[PDB]
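Structure first, then comments.
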Amino acid sequence: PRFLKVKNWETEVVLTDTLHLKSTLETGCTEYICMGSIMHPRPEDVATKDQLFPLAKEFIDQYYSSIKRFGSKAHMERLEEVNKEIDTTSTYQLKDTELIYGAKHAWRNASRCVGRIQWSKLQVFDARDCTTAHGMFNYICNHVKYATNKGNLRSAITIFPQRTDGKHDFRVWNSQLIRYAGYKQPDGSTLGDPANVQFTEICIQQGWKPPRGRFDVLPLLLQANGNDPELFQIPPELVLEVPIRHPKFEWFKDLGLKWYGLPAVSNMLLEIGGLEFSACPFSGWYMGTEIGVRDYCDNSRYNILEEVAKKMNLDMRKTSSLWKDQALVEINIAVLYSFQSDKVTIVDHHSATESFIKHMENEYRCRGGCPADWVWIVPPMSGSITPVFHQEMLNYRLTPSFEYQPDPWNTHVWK
Amino acid sequence: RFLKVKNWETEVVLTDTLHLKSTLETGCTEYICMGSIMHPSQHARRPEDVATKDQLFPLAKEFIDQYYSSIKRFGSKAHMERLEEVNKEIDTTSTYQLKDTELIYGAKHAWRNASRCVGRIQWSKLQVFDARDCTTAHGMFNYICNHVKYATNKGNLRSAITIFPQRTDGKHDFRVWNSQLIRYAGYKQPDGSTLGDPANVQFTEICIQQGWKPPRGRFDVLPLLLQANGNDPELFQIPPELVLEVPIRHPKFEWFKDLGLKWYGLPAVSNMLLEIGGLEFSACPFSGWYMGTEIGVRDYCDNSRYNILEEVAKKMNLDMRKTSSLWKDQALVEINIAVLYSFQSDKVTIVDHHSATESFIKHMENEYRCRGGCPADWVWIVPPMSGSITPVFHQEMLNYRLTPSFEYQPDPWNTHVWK
Ligand code: HEM
Ligand code: HEM
Ligand SMILES: CNCc1cc(-c2cc(C)cc(N)n2)cc(C(F)(F)F)c1
Ligand SMILES: CNCc1cc(-c2cc(C)cc(N)n2)cc(C(F)(F)F)c1
Ligand SMILES: C[C@H](O)[C@H](O)[C@H]1CNc2nc(N)[nH]c(=O)c2N1
Ligand SMILES: C[C@H](O)[C@H](O)[C@H]1CNc2nc(N)[nH]c(=O)c2N1
Ligand SMILES: [Zn+2]
């Protein structure tokens with residue numbers, strides 16, 4: 001249209017979205033069916049010259065508008081300069097300012113991220129000169145060290161060279177920089193994180209010597225210039241971990257639970273002006289429920305509800321005792337208490353969602369909207385006692401963006 | 001063209017063709033998703049007031065076709081005569097009348113098609129009370145009382161809908177002004193706070209402004225405000241012996257009962273519009289039984305509702321200085337334990353969000369297997385607490401609009417011209 005309205009049914013606040021008119025890529029929905037809850041709606045899908053020109057123009061135009069230099073001499077020469085590169089080299093190179101701007105705005109545009117109030121405080125590490133897996137390891141270690149900051153976590157991203165022909169991609173094969181291994185046992189059981197069973201097998205196959213324990217930090221599996229990925233052990237002093245204890249339940253520490261302090265997504269693709277940065281690990285800090293609800297309590301994950309409820313002496317014979325709900329809360333209290341006690345940055349789902357509402361309202365004020373994916377923004381527990389549950393949100397895809405990409409081991413041509 | 005939904009816990013993939021029969025816009029486009037907009041679309045199947053023939057007949061034909069298709073006629077003698085009967089009726093009244101079988105089919109299928117309803121595994125077990133002979137608010141009150149008594153069934157709740165006369169010209173609407181048949185009053189206090197149910201403050205004020213004598217308590221069952229044939233609405237007190245209530249106590253916290261909380265047993269939505277073959281049934285109160293989280297999470301713990309979280313947390317002796325103590329989450333669980341314990345103790349039908357969502361997954365698989373799909377609104381189906389430890393959270397869903405359907409409609413006091 002030219003205006004869309006979103007209402008908060010708790011506060012009655014109504015905001016007007018004009019920004020959705022600038023959307024240029026599909027949500028997955030059609031006019032007659034909504035695919036809002038679908039999680040994911042060839043490597044040679046590299047953009048041609050003619051495809052790249054308007055994408056580049058759009059981004060450069062966006063960047064020069066953002067800095068109030070639209071139409072300027074430097075805006076027109078940059079456009080001419082980009083077009084020359086696309087003409088001659090079939091691609092182009094972002095200036096450092098553009099790269100920073102692009103990476104920050106991909107975060108700003110990530111409709112599934114509840115932590116976007118921080119988007120403009122992002123530390124961008126330019127790793128576009130990297131050429132080997134050893135180099136990538138170095139950049140990633142410096143990233144982890146900077147981001148962890150002895151527990152006072154700082155959001156950061158490290159951007160490796162962009163895709164060229166799709167045959168020389170840089171990839172972190174890890175889904176996060178720090179995750180725990182998972183081992184399927186012969187008896188069907190799983191040790192460690194079941195989500196990482198296949199990637200653990202890949203590592204072991206590449207030569208990793210697994211400790212075979214419940215909380216083994218995985219090695220990095222790093223791929224530079226489309227070569228076979230190489231294994232690297234993150235220095236253990238760089239991996240900040242928090243042992244999980246409960247403020248009231250003495251026995252909780254006896255579950256032997258711990259988690260890492262630094263959530264660092266490493267398998268997504270950063271798209272800026274048609275350029276595809278296939279390796280761009282970014283990191284922030286945790287919302288407690290990511291660990292306490294999903295990592296610990298998903299049936300497919302560590303799946304500790306039964307253990308915690310047993311220790312809590314809960315009546316587990318029928319679902320209506322809500323024993324799962326009761327143990328879920330205590331687990332999440334323990335995660336928060338533990339990070340806070342160890343002075344490792346964390347945010348609880350109540351603070352995060354309240355902050356996101358403030359962020360959303362500010363984005364509407366200054367930007368004309370804030371794309372938001374309700375299905376992901378609402379925390380995985382206690383949904384409606386958080387303010388975002390009652391917040392209408394419009395979802396739409398702006399670029400620069402973070403995009404999913406196939407797991408590398410499905411498409412990699414081994415040398 | 002033919003869409004798959006995956007459950008990320010089980011890796012069960014379902015393949016949806018039923019969406020190809022969807023008629024109305026969701027509100028989304030290829031470029032915007034309105035999945036969390038409460039009312040994303042005003043796309044209606046028929047225009048403002050009484051449709052012309054070329055507007056109403058095609059809708060009628062489509063529903064009659066669907067009904068006779070459903071019973072493995074289609075083109076049968078009775079189907080073709082029905083089309084001519086509907087055709088003649090629209091020619092001579094600008095509307096048409098549903099047979100009892102069509103009405104029952106339509107009501108059950110509007111429920112079957114309600115993408116936001118997690119209870120739909122019961123859809124074909126629906127008692128339909130035909131009230132299309134009703135002419136006055138007194139008659140509506142009589143019909144609603146019978147509905148309430150039948151549906152309540154001394155605590156063994158039974159799904160029911162009562163269907164009053166369809167809209168004719170729009171000036172003669174039958175409306176239940178209550179949003180549910182049984183809700184508690186909300187009172188605006190002189191000191192600015194609110195007593196009772198804040199959602200119902202405005203409707204409570206209409207009732208008082210209509211002559212209702214509020215007892216001014218926290219659990220005052222609202223009177224019925226019934227409108228028949230476009231006339232001014234009339235107040236009626238539901239006989240309290242028909243209004244089953246459950247005192248809320250806790251199986252461990254002996255002090256919980258001293259909070260003086262209760263809730264009613266029967267959720268009976270009464271402000272929605274039932275749409276069948278272009279017919280608009282503007283008064284179609286329907287009821288089932290509660291999912292515990294509707295009372296314990298939304299009714300009791302929404303900020304602009306009863307908001308009893310601090311009260312319960314205080315009794316539980318929780319650290320309420322910061323959020324990260326998760327004191328709201330702890331009290332929230334205890335309230336929902338209490339709600340379930342209270343209803344089950346009093347042998348009043350209720351379902352917890354774990355079993356209700358599990359049944360819905362089973363309903364989805366049934367529907368894909370026999371019907372080629374099942375429209376489902378994830379935003380509404382996932383419960384308001386402990387989302388991801390329920391299976392629906394991990395279930396991709398396709399949302400699309402099938403007819404017959406339940407629709408929202410304006411609150412009649414924004415519309416009604418008094419006399
Ligand atoms: C700084 C603190 C941050 C917090 C508390 C936070 C919180 C979250 C949470 C809870 C999720 C959902 C994760 C899940 O449920 O699996 C998420 C998703 C996401 N975050 Fe953030 N985040 C933060 C920082 C960042 C940063 C620094 C970036 C990028 C530079 C980022 C980009 C994203 C993206 C792209 C997604 C969703 C990916 C998708 O589309 O599925 N976030 N965030
Ligand atoms: C019998 C047990 C039933 C259960 C457990 C159940 C459960 C629910 C719940 C929890 C909701 C969401 C309500 C809210 O969050 O405010 C809902 C919505 C709904 N229910 Fe059911 N329900 C049942 C029966 C019925 C019946 C008998 C009908 C109609 C004949 C019906 C029609 C609907 C509709 C149309 C909606 C969505 C209304 C909208 O679009 O806003 N339900 N149901
Ligand atoms: C259970 N969390 C796993 C997970 C966590 C995060 C995430 C990312 C960042 C930067 C911060 C944070 N706090 N979380 C992002 C994703 C994904 F893949 F969706 F982007 C998944
Ligand atoms: C939070 N309760 C309010 C509410 C309850 C229900 C509802 C309806 C039925 C038949 C059963 C049930 N268990 N619930 C339906 C709605 C609405 F408006 F969406 F249709 C709202
Ligand atoms: C099927 C559904 O889309 C899927 O389970 C989603 C639900 N919402 C989510 N929300 C967040 N934050 N993270 C998730 O992984 C998911 N998974
Ligand atoms: C903004 C959002 O769509 C709105 O608050 C919805 C969210 N999901 C819901 N889900 C249910 N079951 N009931 C509701 O009232 C709502 N409210
Ligand atoms: Zn949509």
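Numbering starts fresh at 1 for the residues of each chain in the structure tokens, the chains themselves are lettered A, B, ... in the order given, and ligands are numbered from 1 as they appear.
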*Contacts to ligand 4 at 7 Å cut-off (only C-alpha atoms and all ligand atoms) as a VMD selection string*: chain B and resid 267 to 269 286 to 291 294 to 295 298 to 299
Wanna dump the chain B-chain A contacts at 6 Å for me, each residue with its shortest atom pair and the distance in Å to one decimal, counting only C-alpha atoms, ordered by chain and number, as CSV?
residue,atom,partner,partner_atom,distance
B:25,CA,A:32,CA,4.7
B:26,CA,A:32,CA,5.3
B:28,CA,A:31,CA,5.2
B:29,CA,A:31,CA,4.6
B:30,CA,A:30,CA,5.0
B:31,CA,A:26,CA,4.9
B:32,CA,A:396,CA,4.9
B:33,CA,A:395,CA,5.0
B:34,CA,A:394,CA,5.7
B:35,CA,A:36,CA,5.7
B:36,CA,A:392,CA,5.5
B:37,CA,A:392,CA,5.2
B:324,CA,A:348,CA,5.5
B:352,CA,A:320,CA,5.7
B:384,CA,A:383,CA,4.8
B:385,CA,A:382,CA,4.0
B:386,CA,A:381,CA,4.0
B:387,CA,A:380,CA,5.1
B:388,CA,A:380,CA,5.1
B:396,CA,A:38,CA,5.2
B:397,CA,A:37,CA,5.9
B:398,CA,A:35,CA,5.5
B:399,CA,A:34,CA,5.0
B:400,CA,A:33,CA,4.7
*Have a look at B:174, B:8, B:236, B:143 and name the one nearest to ligand 5; count only C-alpha atoms and all ligand atoms.*
B:8
DSSP on the backbone: which residues in region 161-292 of chain B end up as helix (DSSP H, G or I)? Give the answer as a PDB file with N, CA, C and O atoms, in the first residue's frame.
ATOM      1  N   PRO B 198     -10.269  -6.421  33.548  1.00  0.00           N
ATOM      2  CA  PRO B 198     -10.132  -5.158  32.802  1.00  0.00           C
ATOM      3  C   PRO B 198     -10.579  -5.230  31.348  1.00  0.00           C
ATOM      4  O   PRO B 198     -11.063  -4.219  30.822  1.00  0.00           O
ATOM      5  N   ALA B 199     -10.448  -6.384  30.683  1.00  0.00           N
ATOM      6  CA  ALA B 199     -10.958  -6.505  29.318  1.00  0.00           C
ATOM      7  C   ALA B 199     -12.431  -6.127  29.231  1.00  0.00           C
ATOM      8  O   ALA B 199     -12.876  -5.552  28.230  1.00  0.00           O
ATOM      9  N   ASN B 200     -13.194  -6.414  30.276  1.00  0.00           N
ATOM     10  CA  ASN B 200     -14.634  -6.257  30.232  1.00  0.00           C
ATOM     11  C   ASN B 200     -15.097  -4.947  30.843  1.00  0.00           C
ATOM     12  O   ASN B 200     -16.299  -4.767  31.043  1.00  0.00           O
ATOM     13  N   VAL B 201     -14.174  -4.010  31.103  1.00  0.00           N
ATOM     14  CA  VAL B 201     -14.560  -2.719  31.668  1.00  0.00           C
ATOM     15  C   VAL B 201     -15.594  -2.030  30.785  1.00  0.00           C
ATOM     16  O   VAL B 201     -16.658  -1.610  31.258  1.00  0.00           O
ATOM     17  N   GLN B 202     -15.300  -1.900  29.489  1.00  0.00           N
ATOM     18  CA  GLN B 202     -16.227  -1.188  28.617  1.00  0.00           C
ATOM     19  C   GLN B 202     -17.549  -1.926  28.495  1.00  0.00           C
ATOM     20  O   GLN B 202     -18.620  -1.307  28.553  1.00  0.00           O
ATOM     21  N   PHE B 203     -17.504  -3.245  28.308  1.00  0.00           N
ATOM     22  CA  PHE B 203     -18.752  -3.989  28.208  1.00  0.00           C
ATOM     23  C   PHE B 203     -19.510  -3.962  29.532  1.00  0.00           C
ATOM     24  O   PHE B 203     -20.743  -3.859  29.547  1.00  0.00           O
ATOM     25  N   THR B 204     -18.793  -4.039  30.653  1.00  0.00           N
ATOM     26  CA  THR B 204     -19.437  -3.875  31.953  1.00  0.00           C
ATOM     27  C   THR B 204     -20.109  -2.513  32.067  1.00  0.00           C
ATOM     28  O   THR B 204     -21.211  -2.403  32.610  1.00  0.00           O
ATOM     29  N   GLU B 205     -19.472  -1.464  31.541  1.00  0.00           N
ATOM     30  CA  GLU B 205     -20.069  -0.135  31.624  1.00  0.00           C
ATOM     31  C   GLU B 205     -21.322  -0.030  30.762  1.00  0.00           C
ATOM     32  O   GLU B 205     -22.293   0.628  31.153  1.00  0.00           O
ATOM     33  N   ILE B 206     -21.327  -0.672  29.589  1.00  0.00           N
ATOM     34  CA  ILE B 206     -22.545  -0.715  28.780  1.00  0.00           C
ATOM     35  C   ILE B 206     -23.666  -1.386  29.558  1.00  0.00           C
ATOM     36  O   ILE B 206     -24.803  -0.898  29.593  1.00  0.00           O
ATOM     37  N   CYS B 207     -23.354  -2.506  30.212  1.00  0.00           N
ATOM     38  CA  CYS B 207     -24.356  -3.213  31.001  1.00  0.00           C
ATOM     39  C   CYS B 207     -24.914  -2.327  32.105  1.00  0.00           C
ATOM     40  O   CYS B 207     -26.137  -2.239  32.285  1.00  0.00           O
ATOM     41  N   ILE B 208     -24.030  -1.658  32.859  1.00  0.00           N
ATOM     42  CA  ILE B 208     -24.487  -0.770  33.928  1.00  0.00           C
ATOM     43  C   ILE B 208     -25.303   0.374  33.344  1.00  0.00           C
ATOM     44  O   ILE B 208     -26.380   0.721  33.848  1.00  0.00           O
ATOM     45  N   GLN B 209     -24.797   0.976  32.266  1.00  0.00           N
ATOM     46  CA  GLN B 209     -25.512   2.024  31.551  1.00  0.00           C
ATOM     47  C   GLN B 209     -26.816   1.517  30.942  1.00  0.00           C
ATOM     48  O   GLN B 209     -27.678   2.327  30.584  1.00  0.00           O
ATOM     49  N   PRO B 240     -27.661 -18.638  37.925  1.00  0.00           N
ATOM     50  CA  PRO B 240     -26.332 -19.039  38.411  1.00  0.00           C
ATOM     51  C   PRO B 240     -26.156 -20.544  38.496  1.00  0.00           C
ATOM     52  O   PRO B 240     -25.026 -21.029  38.352  1.00  0.00           O
ATOM     53  N   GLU B 241     -27.242 -21.306  38.685  1.00  0.00           N
ATOM     54  CA  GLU B 241     -27.111 -22.758  38.707  1.00  0.00           C
ATOM     55  C   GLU B 241     -26.617 -23.304  37.379  1.00  0.00           C
ATOM     56  O   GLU B 241     -26.134 -24.439  37.326  1.00  0.00           O
ATOM     57  N   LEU B 242     -26.735 -22.527  36.310  1.00  0.00           N
ATOM     58  CA  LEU B 242     -26.221 -22.923  35.019  1.00  0.00           C
ATOM     59  C   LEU B 242     -24.762 -22.527  34.808  1.00  0.00           C
ATOM     60  O   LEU B 242     -24.174 -22.968  33.823  1.00  0.00           O
ATOM     61  N   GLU B 254      -1.203 -24.600  50.350  1.00  0.00           N
ATOM     62  CA  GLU B 254      -2.479 -24.485  51.045  1.00  0.00           C
ATOM     63  C   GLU B 254      -3.000 -23.058  51.023  1.00  0.00           C
ATOM     64  O   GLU B 254      -4.218 -22.840  51.056  1.00  0.00           O
ATOM     65  N   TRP B 255      -2.102 -22.078  50.961  1.00  0.00           N
ATOM     66  CA  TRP B 255      -2.507 -20.682  50.954  1.00  0.00           C
ATOM     67  C   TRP B 255      -3.114 -20.248  49.631  1.00  0.00           C
ATOM     68  O   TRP B 255      -3.702 -19.163  49.572  1.00  0.00           O
ATOM     69  N   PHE B 256      -2.975 -21.050  48.572  1.00  0.00           N
ATOM     70  CA  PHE B 256      -3.478 -20.618  47.274  1.00  0.00           C
ATOM     71  C   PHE B 256      -4.974 -20.356  47.322  1.00  0.00           C
ATOM     72  O   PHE B 256      -5.450 -19.344  46.795  1.00  0.00           O
ATOM     73  N   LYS B 257      -5.735 -21.250  47.953  1.00  0.00           N
ATOM     74  CA  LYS B 257      -7.184 -21.078  47.964  1.00  0.00           C
ATOM     75  C   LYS B 257      -7.576 -19.777  48.649  1.00  0.00           C
ATOM     76  O   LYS B 257      -8.574 -19.153  48.272  1.00  0.00           O
ATOM     77  N   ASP B 258      -6.778 -19.328  49.619  1.00  0.00           N
ATOM     78  CA  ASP B 258      -7.047 -18.070  50.299  1.00  0.00           C
ATOM     79  C   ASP B 258      -6.894 -16.854  49.385  1.00  0.00           C
ATOM     80  O   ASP B 258      -7.236 -15.745  49.805  1.00  0.00           O
ATOM     81  N   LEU B 259      -6.398 -17.029  48.155  1.00  0.00           N
ATOM     82  CA  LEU B 259      -6.381 -15.932  47.189  1.00  0.00           C
ATOM     83  C   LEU B 259      -7.776 -15.577  46.688  1.00  0.00           C
ATOM     84  O   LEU B 259      -7.929 -14.552  46.011  1.00  0.00           O
ATOM     85  N   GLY B 292      -5.960 -25.330  29.952  1.00  0.00           N
ATOM     86  CA  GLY B 292      -5.653 -24.693  31.227  1.00  0.00           C
ATOM     87  C   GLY B 292      -4.927 -23.368  31.094  1.00  0.00           C
ATOM     88  O   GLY B 292      -5.109 -22.464  31.919  1.00  0.00           O
TER      89      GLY B 292
END
Could you produce a table of the residues of chain B lying within 6 Å of ligand 5, with the nearest pair of atoms per residue and their separation in Å rounded to one decimal, using only C-alpha atoms and all ligand atoms, ordered by chain and increasing residue number, as JSON lines?
{"residue": "B:393", "atom": "CA", "partner": "ligand 5", "partner_atom_place_in_ligand_line": "5 (O)", "distance": 4.9}
{"residue": "B:394", "atom": "CA", "partner": "ligand 5", "partner_atom_place_in_ligand_line": "5 (O)", "distance": 3.4}
{"residue": "B:395", "atom": "CA", "partner": "ligand 5", "partner_atom_place_in_ligand_line": "1 (C)", "distance": 4.3}
{"residue": "B:396", "atom": "CA", "partner": "ligand 5", "partner_atom_place_in_ligand_line": "1 (C)", "distance": 3.9}
_7 Å from ligand 1 is the threshold here; counting only C-alpha atoms and all ligand atoms, which polymer residues fall inside it? Answer as a list in words._
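The neighbouring residues of ligand 1 are, in order, residues 103, 104, 107, 110, 111, 112, 113, 114, 115, 116, 118, 119, 122, 155, 156, 157, 282, 283, 284, 285, 286, 287, 290, 347, 352, 376, 402 and 403 of chain A.
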Write to file, as a JSON list (two decimals), in the first residue's frame, the residues of the selection just made, with N, CA and C atoms.
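Once written, out.json looks like this:
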[["chain", "number", "residue", "atom", "x", "y", "z"],
["A", 103, "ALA", "N", 27.40, -4.94, 7.18],
["A", 103, "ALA", "CA", 27.31, -5.98, 8.20],
["A", 103, "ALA", "C", 26.36, -5.56, 9.32],
["A", 104, "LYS", "N", 26.46, -4.30, 9.76],
["A", 104, "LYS", "CA", 25.57, -3.79, 10.79],
["A", 104, "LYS", "C", 24.12, -3.83, 10.34],
["A", 107, "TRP", "N", 22.51, -7.18, 10.38],
["A", 107, "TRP", "CA", 22.00, -7.46, 11.71],
["A", 107, "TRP", "C", 20.73, -6.68, 11.97],
["A", 110, "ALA", "N", 17.79, -8.40, 10.48],
["A", 110, "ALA", "CA", 17.54, -9.80, 10.81],
["A", 110, "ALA", "C", 16.23, -9.94, 11.59],
["A", 111, "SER", "N", 15.12, -10.18, 10.88],
["A", 111, "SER", "CA", 13.82, -10.12, 11.54],
["A", 111, "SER", "C", 13.67, -11.15, 12.66],
["A", 112, "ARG", "N", 14.51, -12.19, 12.69],
["A", 112, "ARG", "CA", 14.41, -13.22, 13.71],
["A", 112, "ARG", "C", 15.23, -12.93, 14.96],
["A", 113, "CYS", "N", 15.96, -11.82, 15.00],
["A", 113, "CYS", "CA", 16.87, -11.55, 16.10],
["A", 113, "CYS", "C", 16.21, -10.59, 17.09],
["A", 114, "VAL", "N", 16.07, -11.05, 18.33],
["A", 114, "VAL", "CA", 15.51, -10.22, 19.39],
["A", 114, "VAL", "C", 16.52, -9.25, 19.97],
["A", 115, "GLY", "N", 17.82, -9.45, 19.71],
["A", 115, "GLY", "CA", 18.84, -8.58, 20.27],
["A", 115, "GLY", "C", 19.28, -7.42, 19.39],
["A", 116, "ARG", "N", 18.42, -6.97, 18.46],
["A", 116, "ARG", "CA", 18.85, -5.94, 17.53],
["A", 116, "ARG", "C", 18.92, -4.54, 18.13],
["A", 118, "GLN", "N", 21.09, -3.61, 19.88],
["A", 118, "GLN", "CA", 22.54, -3.43, 19.91],
["A", 118, "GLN", "C", 23.16, -3.29, 18.53],
["A", 119, "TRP", "N", 22.35, -3.28, 17.46],
["A", 119, "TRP", "CA", 22.85, -3.51, 16.11],
["A", 119, "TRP", "C", 23.96, -2.54, 15.72],
["A", 122, "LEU", "N", 28.40, -2.94, 16.70],
["A", 122, "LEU", "CA", 28.94, -4.19, 16.18],
["A", 122, "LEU", "C", 30.38, -3.96, 15.79],
["A", 155, "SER", "N", 29.76, -7.78, 20.92],
["A", 155, "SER", "CA", 29.30, -8.38, 19.69],
["A", 155, "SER", "C", 30.32, -8.08, 18.59],
["A", 156, "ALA", "N", 30.53, -9.06, 17.73],
["A", 156, "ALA", "CA", 31.53, -8.88, 16.68],
["A", 156, "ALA", "C", 31.16, -9.79, 15.53],
["A", 157, "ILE", "N", 31.75, -9.48, 14.37],
["A", 157, "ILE", "CA", 31.63, -10.30, 13.18],
["A", 157, "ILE", "C", 32.97, -10.26, 12.46],
["A", 282, "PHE", "N", 29.59, -14.38, 13.37],
["A", 282, "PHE", "CA", 29.23, -13.26, 14.21],
["A", 282, "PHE", "C", 28.84, -13.79, 15.57],
["A", 283, "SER", "N", 28.94, -12.92, 16.57],
["A", 283, "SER", "CA", 28.74, -13.37, 17.94],
["A", 283, "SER", "C", 28.16, -12.22, 18.73],
["A", 284, "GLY", "N", 27.50, -12.56, 19.82],
["A", 284, "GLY", "CA", 26.93, -11.55, 20.68],
["A", 284, "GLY", "C", 27.00, -12.07, 22.09],
["A", 285, "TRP", "N", 25.86, -12.20, 22.76],
["A", 285, "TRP", "CA", 25.80, -12.86, 24.05],
["A", 285, "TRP", "C", 24.45, -13.56, 24.10],
["A", 286, "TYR", "N", 24.32, -14.46, 25.05],
["A", 286, "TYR", "CA", 23.15, -15.33, 25.09],
["A", 286, "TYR", "C", 21.94, -14.64, 25.70],
["A", 287, "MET", "N", 20.77, -15.01, 25.19],
["A", 287, "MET", "CA", 19.55, -14.94, 25.97],
["A", 287, "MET", "C", 19.42, -16.26, 26.72],
["A", 290, "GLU", "N", 17.86, -19.55, 25.33],
["A", 290, "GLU", "CA", 18.55, -20.31, 24.30],
["A", 290, "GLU", "C", 19.24, -21.53, 24.91],
["A", 347, "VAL", "N", 21.39, -12.22, 29.03],
["A", 347, "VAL", "CA", 20.17, -11.44, 29.15],
["A", 347, "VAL", "C", 19.01, -12.43, 29.28],
["A", 352, "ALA", "N", 15.34, -8.97, 27.45],
["A", 352, "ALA", "CA", 15.56, -8.95, 26.01],
["A", 352, "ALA", "C", 14.31, -8.51, 25.27],
["A", 376, "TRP", "N", 9.84, -16.32, 15.94],
["A", 376, "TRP", "CA", 11.18, -16.41, 16.52],
["A", 376, "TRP", "C", 11.43, -15.41, 17.63],
["A", 402, "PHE", "N", 21.39, -11.51, 6.51],
["A", 402, "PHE", "CA", 21.99, -12.80, 6.77],
["A", 402, "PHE", "C", 21.06, -13.86, 6.22],
["A", 403, "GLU", "N", 21.63, -14.79, 5.47],
["A", 403, "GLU", "CA", 20.89, -15.83, 4.79],
["A", 403, "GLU", "C", 21.45, -17.17, 5.21]]
*Could you list, as a count of residues only, all the residues within 9 Å of ligand 2, counting only C-alpha atoms and all ligand atoms?*
58
*B:251, B:233, B:300, B:153 ranked by distance to residue 315 (chain A), top pick (using only C-alpha atoms)*: B:251
*Write out as a list in words all residues of region 260-412 of chain B that DSSP puts in strand (DSSP E or B) for this structure's backbone.*
residues 262, 263, 264, 268, 269, 273, 274, 275, 276, 279, 280, 281, 286, 287, 290, 291, 350, 351, 395, 399, 401, 405, 406 and 407 of chain B
*Which distance in Å separates CA of residue 230 (chain B) and CA of residue 403 (chain B), to one decimal?*
26.0 Å
